Amino acid sequence: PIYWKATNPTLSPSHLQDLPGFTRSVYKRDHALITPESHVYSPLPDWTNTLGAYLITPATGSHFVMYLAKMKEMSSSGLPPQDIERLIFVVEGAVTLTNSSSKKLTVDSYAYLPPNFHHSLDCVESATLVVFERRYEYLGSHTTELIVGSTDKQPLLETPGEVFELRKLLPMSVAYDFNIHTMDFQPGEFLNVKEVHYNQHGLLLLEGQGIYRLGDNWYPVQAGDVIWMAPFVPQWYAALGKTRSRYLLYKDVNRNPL
Amino acid sequence: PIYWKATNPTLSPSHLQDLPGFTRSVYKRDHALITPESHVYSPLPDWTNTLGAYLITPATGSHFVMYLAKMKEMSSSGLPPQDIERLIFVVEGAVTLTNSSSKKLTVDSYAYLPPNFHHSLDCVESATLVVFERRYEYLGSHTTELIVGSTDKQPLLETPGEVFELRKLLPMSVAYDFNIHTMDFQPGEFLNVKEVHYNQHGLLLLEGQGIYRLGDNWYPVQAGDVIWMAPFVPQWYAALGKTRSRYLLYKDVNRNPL
Amino acid sequence: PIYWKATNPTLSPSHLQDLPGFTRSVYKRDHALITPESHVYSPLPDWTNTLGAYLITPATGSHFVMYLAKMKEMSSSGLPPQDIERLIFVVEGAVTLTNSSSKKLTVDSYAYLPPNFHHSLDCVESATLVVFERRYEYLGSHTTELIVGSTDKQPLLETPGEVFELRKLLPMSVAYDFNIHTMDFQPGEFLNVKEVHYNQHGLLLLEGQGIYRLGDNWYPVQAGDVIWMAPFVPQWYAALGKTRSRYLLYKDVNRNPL
Amino acid sequence: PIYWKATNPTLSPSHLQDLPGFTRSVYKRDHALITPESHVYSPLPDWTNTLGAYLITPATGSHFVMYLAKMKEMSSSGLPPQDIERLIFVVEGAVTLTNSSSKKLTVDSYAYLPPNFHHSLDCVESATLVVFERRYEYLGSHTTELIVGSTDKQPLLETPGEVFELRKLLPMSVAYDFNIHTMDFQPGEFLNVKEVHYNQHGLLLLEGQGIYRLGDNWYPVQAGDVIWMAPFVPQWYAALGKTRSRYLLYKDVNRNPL
Amino acid sequence: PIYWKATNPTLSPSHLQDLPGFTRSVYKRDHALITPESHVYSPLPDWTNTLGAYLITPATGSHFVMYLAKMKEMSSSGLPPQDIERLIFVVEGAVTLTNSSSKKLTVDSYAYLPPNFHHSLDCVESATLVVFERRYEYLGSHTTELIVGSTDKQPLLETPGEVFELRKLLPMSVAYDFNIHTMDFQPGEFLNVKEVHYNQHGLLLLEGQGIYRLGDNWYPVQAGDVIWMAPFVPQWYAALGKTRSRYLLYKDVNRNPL
Amino acid sequence: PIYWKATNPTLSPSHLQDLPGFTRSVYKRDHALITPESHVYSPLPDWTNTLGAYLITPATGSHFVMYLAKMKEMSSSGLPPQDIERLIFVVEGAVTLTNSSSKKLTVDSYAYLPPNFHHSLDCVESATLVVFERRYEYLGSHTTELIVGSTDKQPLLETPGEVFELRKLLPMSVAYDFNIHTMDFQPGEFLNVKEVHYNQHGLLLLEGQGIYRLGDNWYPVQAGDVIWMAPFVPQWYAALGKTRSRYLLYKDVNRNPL
Amino acid sequence: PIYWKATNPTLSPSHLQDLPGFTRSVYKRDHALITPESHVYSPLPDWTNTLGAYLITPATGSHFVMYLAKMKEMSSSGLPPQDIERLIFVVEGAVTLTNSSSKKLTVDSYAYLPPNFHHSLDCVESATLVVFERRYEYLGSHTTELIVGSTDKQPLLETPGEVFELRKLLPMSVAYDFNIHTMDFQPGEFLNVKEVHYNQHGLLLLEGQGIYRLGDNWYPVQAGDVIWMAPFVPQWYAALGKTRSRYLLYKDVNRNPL
Ligand SMILES: [Mn+2]
Ligand SMILES: [Mn+2]
Ligand SMILES: [Mn+2]
Ligand SMILES: [Mn+2]
Ligand SMILES: [Mn+2]
Ligand SMILES: [Mn+2]
Ligand SMILES: [Mn+2]
């Protein structure tokens with residue numbers, strides 16, 4: 001299945017049961033490498049029969065949350081707080097979306113919901129969702145709207161001076177205050193620019209493995225690893241191995257950095 | 001006696017009189033190990049014949065306060081600020097609580113007082129109080145209520161994939177924005193998950209000894225030690241020795257982290 | 001041309017194509033060294049056919065933003081939000097100011113813009129500007145007005161206790177919350193006071209090279225480099241090579257550090 | 001099977017096939033943590049069909065070698081240089097030792113061959129051997145001699161001030177310049193003395209897991225891991241889990257340190 | 001030309017002429033990264049019209065030297081001291097080797113001279129040689145002999161557990177106490193085994209670029225770079241970019257490590 | 001009792017019985033701080049009924065050995081290997097020495113023994129001696145001779161630029177390659193010279209407490225502590241408390257540093 | 001007064017008289033910066049009324065010594081051991097050299113003495129000498145001769161790709177296994193090559209001031225400072241201020257580094 005290793009990591013939590021205290025996770029001043037055996041699942045408030053693990057919250061200094069959601073048999077989502085926009089990405093399984101016709105989202109499907117937009121995600125079997133939420137930044141008479149889609153149905157964008165394959169999930173229109181990029185590196189390929197920008201990131205490695213650099217820290221990574229990149233931290237990546245690398249990325253945009 | 005070493009640490013301050021500047025205490029970006037020889041006791045404003053030593057305050061980035069109150073003869077407590085909730089746990093001594101009847105609190109006894117709830121703690125001989133205070137986060141029309149009890153009465157809670165015995169002092173209801181856990185470990189037992197969560201902690205080791213890991217730091221701990229765990233700091237623990245480990249722990253709950 | 005080595009640094013990005021992930025940039029808690037291989041250019045909103053890269057933003061804990069704007073053939077600028085004073089400085093090219101008259105702004109020609117002071121920049125061929133923005137701290141009734149000039153036209157001010165050549169593009173009258181200094185160093189010359197002050201800095205080395213100190217970190221620098229100095233961060237410089245050193249410097253002034 | 005995890009580690013090399021460059025191994029000035037995914041097996045000189053991995057050699061600053069020997073079907077050992085004493089301990093399999101009769105060795109069986117003592121190890125199927133060799137420090141006329149045994153047959157020794165169960169495979173008389181110990185720790189138990197001695201070590205954890213402290217470094221460990229301890233390195237261990245800990249240890253003795 | 005970048009590194013020393021003191025070179029306790037801007041060339045004693053730069057000498061704790069020799073018009077080699085075996089490798093130009101016979105050596109050509117083997121390297125126009133010298137370690141009554149060849153004529157050896165392409169320039173027989181390896185990696189390929197071995201290394205990256213891990217340090221590397229690996233330093237490499245990586249590697253062999 | 005705190009230190013091993021893995025001991029590149037909880041006692045070879053604890057040996061790079069010998073009932077010294085010179089100092093108890101009119105030495109007594117000078121130390125009750133030993137560096141004809149004495153019956157020497165009070169147990173004459181110093185410091189006094197010399201030290205604090213500086217490390221110290229100072233390590237000491245600091249110091253002298 | 005500050009540093013020990021333990025001295029693994037407050041002066045053996053302080057000895061990993069001899073009222077210089085070569089530099093004062101005729105060495109005068117060569121220095125008043133002593137390495141049948149002279153009498157030398165003015169005090173002739181250079185930099189100039197080589201230095205900053213880079217370390221240096229440079233340490237210098245930088249330097253040459 002697609003994204004299988006993102007749910008079944010080559011180095012899983014159980015392979016460490018005889019290494020007391022060991023972990024690959026790190027939380028530093030400007031970034032964080034959050035790995036599978038550190039995930040903290042607990043009932044998701046307001047949700048019905050769902051465990052979740054918060055990987056990133058503004059406690060870190062971000063303006064967004066990023067959490068994993070384990071939905072099981074007959075379990076439903078619950079409305080997010082007032083003025084909070086939400087974005088979900090099916091990483092495994094299938095869930096149904098409803099408010100104009102019930103759309104069924106399987107793997108690789110995603111859905112954006114404008115702040116205060118009444119909806120419900122219901123599941124009847126399994127489903128592992130990767131969700132992003134943020135207190136929307138109203139700007140002028142500008143507003144967002146319901147977006148539903150599939151990665152593959154998104155066109156390959158131009159990447160001046162880069163070789164990775166880029167696909168954006170939400171519209172690039174000024175309304176949206178963040179977008180979800182899908183980036184792919186073939187084995188050996190890497191980022192030419194050593195980005196240093198006020199933007200901030202939260203990412204999930206869906207396929208492959210490689211080396212990710214943050215500040216003066218170099219980290220080996222595998223499918224399933226999660227990373228938080230705080231504004232202005234030097235970032236870089238290289239894809240390694242026989243298979244390609246794909247990571248889901250959150251990026252804030254269309255707003256004055258003041 | 002119950003919690004005797006918590007009040008009489010094996011390695012005491014006087015023991016260090018011949019080691020200028022020496023301390024086991026460490027205050028870092030996302031945590032802190034606060035030890036006895038560093039406690040700063042000063043009279044608690046609005047209290048009677050009660051010496052207090054604050055160990056954690058929002059100055060650290062937390063949203064709660066943690067302090068020890070050494071109540072001597074004919075001592076009494078003072079009401080907390082407006083909208084501030086309070087919780088006291090008796091480590092040593094006896095103290096009566098009034099408001100609906102009148103409860104006598106001894107070692108292992110505790111009491112949660114809702115925000116703006118009138119009450120008074122009065123000590124005849126002496127009492128040692130470990131208390132947490134916080135600005136209550138009102139969630140709709142929910143409100144808390146007086147809670148009284150003692151650890152030895154709270155049922156053992158099972159936690160999946162873990163081996164430590166757990167007890168929760170307060171109700172798990174949505175109205176409470178924090179709970180106090182009691183965690184026990186037999187010598188040799190440890191946390192299977194190396195937690196990284198949005199939740200923040202404040203902890204006190206009542207009995208036992210062991211190794212506490214915070215981020216990339218490892219600290220030997222003995223009863224009486226206090227720890228501050230900021231959000232997302234990697235945390236782990238292992239119980240060592242002949243006797244068991246037991247620690248009181250604050251944990252924020254039921255509120256959207258966004 | 002003057003400042004040419006800023007637009008074209010000796011050690012330029014392409015010279016690093018065969019050093020995967022290699023970078024001279026550093027982002028620490030109290031300072032930052034942003035180099036050319038890390039600039040992230042994205043289309044500046046409200047501007048016309050122009051790429052821009054933010055180098056400093058409040059996310060760093062500053063009260064100001066500093067960015068590079070690469071104006072191309074037939075381009076114009078956008079107005080900043082409300083109460084955002086703006087200063088621009090031409091490091092290369094030419095661009096006409098407009099709105100009260102119309103100045104042909106070229107290399108070394110800067111233009112201040114009071115808050116909400118409507119104005120516009122337009123370029124027919126090509127221009128590169130280093131612009132600073134920040135929410136003006138309204139002091140009493142005092143207010144600002146348009147200012148336009150050139151680096152070589154400003155006076156050489158005395159520098160008590162120091163040897164570098166000092167200039168200030170903007171007035172010192174308390175109406176201005178920030179000032180932009182010009183500093184010249186002859187090979188072998190260095191700052192005499194290991195400054196430690198509340199003021200914050202953002203700087204671009206316009207000409208030359210030398211060693212820059214920040215806290216306990218020492219960085220070799222060349223023209224085109226950019227530095228971020230947070231308050232209270234120990235700073236120090238020394239110019240080297242056969243040619244003098246010159247850097248554009250932002251500095252906050254005339255406002256209670258309270 | 002005895003010591004099954006020592007040869008089939010819970011966190012094995014394969015589990016790390018998707019984490020490029022990752023390793024739990026460390027080599028520092030005064031110690032080393034050598035783990036499986038780092039063993040370098042090469043044909044052993046003078047041996048027949050036997051791959052070997054040197055874990056420790058005098059390049060480290062030690063006076064002994066410690067290597068692993070994978071003896072496959074129909075194999076035999078080779079004689080060691082002149083004046084080199086040898087000790088072999090069987091971790092997996094079986095091998096016959098001939099030369100005073102021939103003995104069939106098995107897991108837990110060990111043989112010590114004095115310097116220049118003709119012998120031959122002949123394996124028919126498989127056998128894993130941990131061996132130590134050293135340029136014997138002759139002392140006067142005393143001379144060591146053939147010693148063939150089995151851990152279990154060895155008696156437990158009194159270790160004043162410690163709770164671990166100790167055994168020594170070789171005699172304690174002056175001729176021997178080193179001894180091999182078998183140290184057992186029950187969960188929760190740990191060393192009381194934070195050892196700092198001139199004696200150097202080489203160890204292999206056969207069963208269990210725990211934390212090993214070396215200087216200011218703390219390492220989680222599991223059966224299979226190997227430690228190099230240089231003279232005078234602060235050392236400490238703690239056993240953890242459900243199962244007990246057992247490590248093989250080399251120790252130089254009976255020779256004036258000056 | 002073959003190995004061009006190796007002769008003219010992408011990031012050449014001149015490119016850094018405006019960065020006083022800057023360098024990619026590192027010299028640590030158990031390894032080193034020697035780069036072009038650090039090459040110290042000097043008249044090589046006993047040679048004629050040849051500049052030499054020693055990169056590694058036993059002062060590092062190695063048992064061999066490694067240097068680049070810049071032979072100019074009408075130049076000739078100098079004999080190595082008694083018992084000093086020598087191996088040369090041509091990375092640029094051409095030189096002749098006389099005295100048994102005479103071979104014309106171009107790029108990729110090499111010659112191993114046994115200890116005390118009289119010879120001579122005469123170059124007409126110019127050539128660049130990376131040469132290795134070591135005091136030969138006599139074992140019993142074995143002796144090495146002249147070996148001359150070409151990397152390409154050498155056969156691809158089996159690399160069990162790895163995917164890279166391996167070639168060995170000298171015989172693997174007992175007489176040789178070291179061999180020089182040629183290792184090729186296609187982009188995205190890396191070492192599966194994170195080596196920790198007593199063998200020490202001398203390395204020159206002839207083609208490609210990538211990331212090298214030495215202990216807990218990561219280094220971006222390019223053609224022309226040189227690395228020193230002391231015994232037991234954890235090592236790892238991953239090739240990145242469009243073209244493959246190739247590196248010359250010295251390795252000590254066939255001698256007992258005690 | 002004299003030097004009582006040296007034998008029974010304020011902070012003692014048993015005070016840390018609940019602090020798993022904790023120690024004040026440090027073993028670095030240029031120095032060491034060996035504290036009581038790290039002392040490793042084992043039967044001293046040839047000695048009778050005595051347990052020794054080597055604190056310093058050549059393995060550290062020193063040219064001497066320093067150890068504490070604890071002699072019990074009917075105990076006696078043993079002879080040091082050939083050509084070795086021995087110095088003893090009784091810190092607790094009583095020992096008699098013979099071989100010419102025997103002698104009895106009590107706390108604060110001592111005796112130097114020329115290389116190969118036959119002698120015997122006979123104790124009844126018990127005594128704890130701190131002893132040094134080295135391979136005497138013969139300076140041609142020069143020879144050493146037996147010595148007996150007591151710190152207090154030894155003259156106070158000059159100490160220009162230094163406020164402390166000194167005493168040298170051995171004669172400064174050329175035939176002696178080392179002496180033992182006694183340095184007293186009064187609360188608040190400290191070494192004015194921030195030493196960096198070829199000499200090497202072994203220092204046991206007998207009285208007082210304070211702060212010793214070694215390189216960039218600052219170590220709080222208490223009577224009983226022991227320090228290893230390698231050549232050229234920046235050293236320093238300041239005394240604190242109500243009492244005075246007093247330590248026994250080894251210093252190599254009278255030999256060419258070549 | 002030529003070389004005044006070298007004898008009376010701008011930052012003096014007495015200035016640090018109220019900074020307990022402070023020192024600018026650094027002694028690391030591969031290098032060292034020794035400053036004025038750390039010099040340990042003690043009576044030089046075999047000398048007459050001369051206080052000497054050893055700055056660098058083979059204990060550092062050097063093959064030479066470098067000390068300062070303070071010659072007072074009627075003082076003589078003791079003879080070096082057998083086979084030890086010796087060079088002397090008069091930093092200040094006056095001393096007379098006699099074996100073949102008398103020689104009056106004054107500030108800037110130097111004399112090199114071959115091994116086993118007989119000579120004597122005699123001082124009436126004061127004289128500060130910086131001397132280097134080394135066991136001579138006999139190559140073939142070459143022998144060195146006695147050399148005497150002054151810096152400015154020495155010719156300027158070609159400094160390819162460099163700008164500092166060079167001068168050598170000894171013959172580059174093969175017989176000599178070391179030389180002493182005089183290097184001058186103007187304020188602002190610096191080394192282009194960030195040197196990494198087998199040669200080992202021992203320098204004295206005679207005039208000027210600037211920044212010295214050793215490894216990843218940056219040290220502000222002043223006249224009077226001393227530096228030990230072990231083989232292969234990355235090194236670099238920059239002169240600064242109004243006067244010029246001038247430093248004396250040791251460097252081993254003409255010997256195979258095997
Ligand atoms: Mn980015
Ligand atoms: Mn927790
Ligand atoms: Mn400033
Ligand atoms: Mn031990
Ligand atoms: Mn290797
Ligand atoms: Mn000293
Ligand atoms: Mn040099």
# chains A, B, ... in the order shown; residues from 1 in each chain; ligands from 1
>>> interface_residues(of="chain G", to="chain C", cutoff="10 Å", atoms="only C-alpha atoms", output="PDB file with N, CA and C atoms, in the first residue's frame")
ATOM      1  N   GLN G 186      51.191  43.939   8.093  1.00  0.00           N
ATOM      2  CA  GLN G 186      50.784  45.318   8.280  1.00  0.00           C
ATOM      3  C   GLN G 186      49.360  45.210   8.808  1.00  0.00           C
ATOM      4  N   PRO G 187      48.863  46.251   9.501  1.00  0.00           N
ATOM      5  CA  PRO G 187      47.487  46.146  10.000  1.00  0.00           C
ATOM      6  C   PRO G 187      46.586  45.850   8.812  1.00  0.00           C
ATOM      7  N   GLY G 188      45.644  44.934   8.989  1.00  0.00           N
ATOM      8  CA  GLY G 188      44.740  44.592   7.900  1.00  0.00           C
ATOM      9  C   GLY G 188      45.104  43.370   7.062  1.00  0.00           C
ATOM     10  N   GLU G 189      46.390  43.044   6.975  1.00  0.00           N
ATOM     11  CA  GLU G 189      46.807  41.897   6.176  1.00  0.00           C
ATOM     12  C   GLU G 189      46.669  40.593   6.954  1.00  0.00           C
ATOM     13  N   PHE G 190      46.588  39.492   6.215  1.00  0.00           N
ATOM     14  CA  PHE G 190      46.436  38.186   6.832  1.00  0.00           C
ATOM     15  C   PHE G 190      46.917  37.073   5.913  1.00  0.00           C
ATOM     16  N   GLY G 210      46.482  41.166  17.160  1.00  0.00           N
ATOM     17  CA  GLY G 210      45.558  40.665  16.150  1.00  0.00           C
ATOM     18  C   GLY G 210      44.778  39.425  16.572  1.00  0.00           C
ATOM     19  N   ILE G 211      44.169  38.744  15.601  1.00  0.00           N
ATOM     20  CA  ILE G 211      43.383  37.546  15.866  1.00  0.00           C
ATOM     21  C   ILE G 211      44.063  36.279  15.357  1.00  0.00           C
ATOM     22  N   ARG G 213      43.657  32.219  14.736  1.00  0.00           N
ATOM     23  CA  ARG G 213      42.695  31.135  14.658  1.00  0.00           C
ATOM     24  C   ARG G 213      43.413  29.784  14.770  1.00  0.00           C
ATOM     25  N   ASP G 216      39.036  25.449  15.639  1.00  0.00           N
ATOM     26  CA  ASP G 216      37.773  26.169  15.520  1.00  0.00           C
ATOM     27  C   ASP G 216      37.761  27.293  16.541  1.00  0.00           C
ATOM     28  N   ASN G 217      38.933  27.572  17.105  1.00  0.00           N
ATOM     29  CA  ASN G 217      39.110  28.598  18.133  1.00  0.00           C
ATOM     30  C   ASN G 217      39.632  29.927  17.585  1.00  0.00           C
ATOM     31  N   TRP G 218      39.183  31.026  18.180  1.00  0.00           N
ATOM     32  CA  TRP G 218      39.639  32.351  17.787  1.00  0.00           C
ATOM     33  C   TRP G 218      40.150  33.032  19.044  1.00  0.00           C
ATOM     34  N   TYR G 219      41.405  33.467  18.996  1.00  0.00           N
ATOM     35  CA  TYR G 219      42.039  34.102  20.140  1.00  0.00           C
ATOM     36  C   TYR G 219      42.566  35.508  19.864  1.00  0.00           C
ATOM     37  N   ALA G 238      45.841  37.377  11.601  1.00  0.00           N
ATOM     38  CA  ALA G 238      45.429  38.644  11.021  1.00  0.00           C
ATOM     39  C   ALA G 238      46.033  39.706  11.923  1.00  0.00           C
ATOM     40  N   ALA G 239      46.683  40.713  11.344  1.00  0.00           N
ATOM     41  CA  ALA G 239      47.260  41.792  12.143  1.00  0.00           C
ATOM     42  C   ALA G 239      46.209  42.897  12.279  1.00  0.00           C
ATOM     43  N   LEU G 240      46.274  43.680  13.355  1.00  0.00           N
ATOM     44  CA  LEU G 240      45.310  44.761  13.585  1.00  0.00           C
ATOM     45  C   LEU G 240      45.853  45.915  14.445  1.00  0.00           C
ATOM     46  N   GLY G 241      45.160  47.050  14.433  1.00  0.00           N
ATOM     47  CA  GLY G 241      45.627  48.193  15.199  1.00  0.00           C
ATOM     48  C   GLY G 241      46.365  49.184  14.304  1.00  0.00           C
ATOM     49  N   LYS G 242      47.198  50.034  14.908  1.00  0.00           N
ATOM     50  CA  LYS G 242      47.951  51.039  14.151  1.00  0.00           C
ATOM     51  C   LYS G 242      49.369  50.596  13.838  1.00  0.00           C
ATOM     52  N   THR G 243      50.021  49.945  14.795  1.00  0.00           N
ATOM     53  CA  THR G 243      51.377  49.460  14.586  1.00  0.00           C
ATOM     54  C   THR G 243      51.293  48.184  13.761  1.00  0.00           C
ATOM     55  N   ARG G 244      52.434  47.561  13.494  1.00  0.00           N
ATOM     56  CA  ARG G 244      52.456  46.331  12.707  1.00  0.00           C
ATOM     57  C   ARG G 244      52.659  45.089  13.557  1.00  0.00           C
TER      58      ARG G 244
END
>>> residues_around(residues="residue 254 (chain C)", least_positions_apart="5", cutoff="7 Å", atoms="only C-alpha atoms", output="PyMOL selection string")
chain C and resi 174+176-177
>>> residues_around(residues="residue 178 (chain G)", least_positions_apart="5", cutoff="8 Å", atoms="only C-alpha atoms", output="mmCIF file with N, CA and C atoms, in the first residue's frame")
data_model
loop_
_atom_site.group_PDB
_atom_site.id
_atom_site.type_symbol
_atom_site.label_atom_id
_atom_site.label_comp_id
_atom_site.auth_asym_id
_atom_site.auth_seq_id
_atom_site.Cartn_x
_atom_site.Cartn_y
_atom_site.Cartn_z
ATOM 1 N N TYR G 250 59.053 29.181 15.370
ATOM 2 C CA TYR G 250 59.853 27.980 15.260
ATOM 3 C C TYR G 250 59.192 27.110 14.188
ATOM 4 N N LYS G 251 59.993 26.306 13.502
ATOM 5 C CA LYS G 251 59.479 25.412 12.477
ATOM 6 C C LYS G 251 60.509 24.337 12.142
ATOM 7 N N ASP G 252 60.108 23.082 12.291
ATOM 8 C CA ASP G 252 60.989 21.974 11.987
ATOM 9 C C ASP G 252 60.963 21.714 10.473
ATOM 10 N N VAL G 253 62.129 21.415 9.907
ATOM 11 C CA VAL G 253 62.254 21.159 8.476
ATOM 12 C C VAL G 253 63.403 20.200 8.162
ATOM 13 N N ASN G 254 63.519 19.872 6.877
ATOM 14 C CA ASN G 254 64.539 18.996 6.319
ATOM 15 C C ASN G 254 64.597 17.564 6.833
#
>>> select_by_dssp(residues="region 87-149 of chain A", states="strand (DSSP E or B)", output="number ranges by chain")
A: 87-93, 95-98, 103-105, 109-113, 120-123, 127-135, 147-149
>>> write_last_selection(atoms="C-alpha atoms", output="PDB file, in the first residue's frame")
ATOM      1  CA  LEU A  87      -6.748  20.495   6.922  1.00  0.00           C
ATOM      2  CA  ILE A  88      -6.734  16.673   6.993  1.00  0.00           C
ATOM      3  CA  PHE A  89      -4.705  14.222   4.881  1.00  0.00           C
ATOM      4  CA  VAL A  90      -5.586  10.505   4.725  1.00  0.00           C
ATOM      5  CA  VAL A  91      -2.361   8.620   5.262  1.00  0.00           C
ATOM      6  CA  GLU A  92      -3.960   5.213   5.686  1.00  0.00           C
ATOM      7  CA  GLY A  93      -7.486   3.811   5.458  1.00  0.00           C
ATOM      8  CA  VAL A  95     -12.899   8.318   6.078  1.00  0.00           C
ATOM      9  CA  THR A  96     -16.077   9.989   4.870  1.00  0.00           C
ATOM     10  CA  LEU A  97     -16.501  13.781   4.616  1.00  0.00           C
ATOM     11  CA  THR A  98     -19.881  15.514   4.933  1.00  0.00           C
ATOM     12  CA  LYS A 103     -17.482  12.537  -0.333  1.00  0.00           C
ATOM     13  CA  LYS A 104     -15.418   9.458   0.605  1.00  0.00           C
ATOM     14  CA  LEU A 105     -11.700  10.131   1.105  1.00  0.00           C
ATOM     15  CA  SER A 109      -7.079  12.295  -0.266  1.00  0.00           C
ATOM     16  CA  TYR A 110      -7.262  15.592   1.607  1.00  0.00           C
ATOM     17  CA  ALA A 111      -9.762  18.234   2.622  1.00  0.00           C
ATOM     18  CA  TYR A 112      -9.456  21.892   3.618  1.00  0.00           C
ATOM     19  CA  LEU A 113     -12.117  23.516   5.736  1.00  0.00           C
ATOM     20  CA  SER A 120     -17.879  16.063  10.054  1.00  0.00           C
ATOM     21  CA  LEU A 121     -15.419  13.322   9.203  1.00  0.00           C
ATOM     22  CA  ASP A 122     -16.801   9.899   9.976  1.00  0.00           C
ATOM     23  CA  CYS A 123     -15.089   6.571   9.700  1.00  0.00           C
ATOM     24  CA  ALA A 127      -8.118   5.641   9.120  1.00  0.00           C
ATOM     25  CA  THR A 128      -4.931   7.447  10.122  1.00  0.00           C
ATOM     26  CA  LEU A 129      -5.275  11.168   9.515  1.00  0.00           C
ATOM     27  CA  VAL A 130      -2.565  13.806   9.561  1.00  0.00           C
ATOM     28  CA  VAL A 131      -4.248  17.089  10.493  1.00  0.00           C
ATOM     29  CA  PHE A 132      -3.273  20.761  10.530  1.00  0.00           C
ATOM     30  CA  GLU A 133      -5.192  23.514  12.287  1.00  0.00           C
ATOM     31  CA  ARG A 134      -4.522  27.219  12.758  1.00  0.00           C
ATOM     32  CA  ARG A 135      -6.337  30.313  13.993  1.00  0.00           C
ATOM     33  CA  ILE A 147     -11.243  22.321  -0.833  1.00  0.00           C
ATOM     34  CA  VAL A 148     -11.307  18.571  -1.431  1.00  0.00           C
ATOM     35  CA  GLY A 149      -8.734  16.737  -3.554  1.00  0.00           C
TER      36      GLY A 149
END
>>> residues_around(residues="residue 19 (chain G)", least_positions_apart="6", cutoff="12 Å", atoms="only C-alpha atoms", output="list in words")
residues 190, 191, 192, 193, 194, 236 and 238 of chain F; 13 and 37 of chain G
>>> closest_residue(among="E:155, E:115, E:20, E:45", to="residue 76 (chain E)", atoms="only C-alpha atoms")
E:45
>>> residues_around(residues="residue 12 (chain B)", least_positions_apart="3", cutoff="8 Å", atoms="only C-alpha atoms", output="list in words")
residues 8, 9, 15, 16, 36 and 37 of chain B
>>> write_last_selection(atoms="N, CA, C and O atoms", output="short mmCIF file (atom, residue, chain, number, x, y, z; two decimals), in the first residue's frame")
data_model
loop_
_atom_site.label_atom_id
_atom_site.label_comp_id
_atom_site.auth_asym_id
_atom_site.auth_seq_id
_atom_site.Cartn_x
_atom_site.Cartn_y
_atom_site.Cartn_z
N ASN B 8 12.91 14.08 54.23
CA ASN B 8 14.25 13.84 54.75
C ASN B 8 15.09 13.16 53.67
O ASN B 8 15.40 11.97 53.76
N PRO B 9 15.46 13.91 52.61
CA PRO B 9 16.26 13.33 51.54
C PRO B 9 17.55 12.71 52.04
O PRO B 9 18.20 13.26 52.92
N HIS B 15 24.86 18.16 54.23
CA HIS B 15 25.89 17.26 53.72
C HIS B 15 26.87 17.98 52.78
O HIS B 15 28.02 17.57 52.65
N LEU B 16 26.39 19.05 52.15
CA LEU B 16 27.19 19.81 51.20
C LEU B 16 27.85 21.07 51.78
O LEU B 16 28.44 21.85 51.03
N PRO B 36 16.70 20.15 46.93
CA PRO B 36 16.61 20.74 48.28
C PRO B 36 17.56 21.88 48.59
O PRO B 36 17.12 22.98 48.95
N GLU B 37 18.86 21.63 48.45
CA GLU B 37 19.86 22.64 48.75
C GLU B 37 19.67 23.92 47.95
O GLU B 37 20.49 24.82 48.04
#
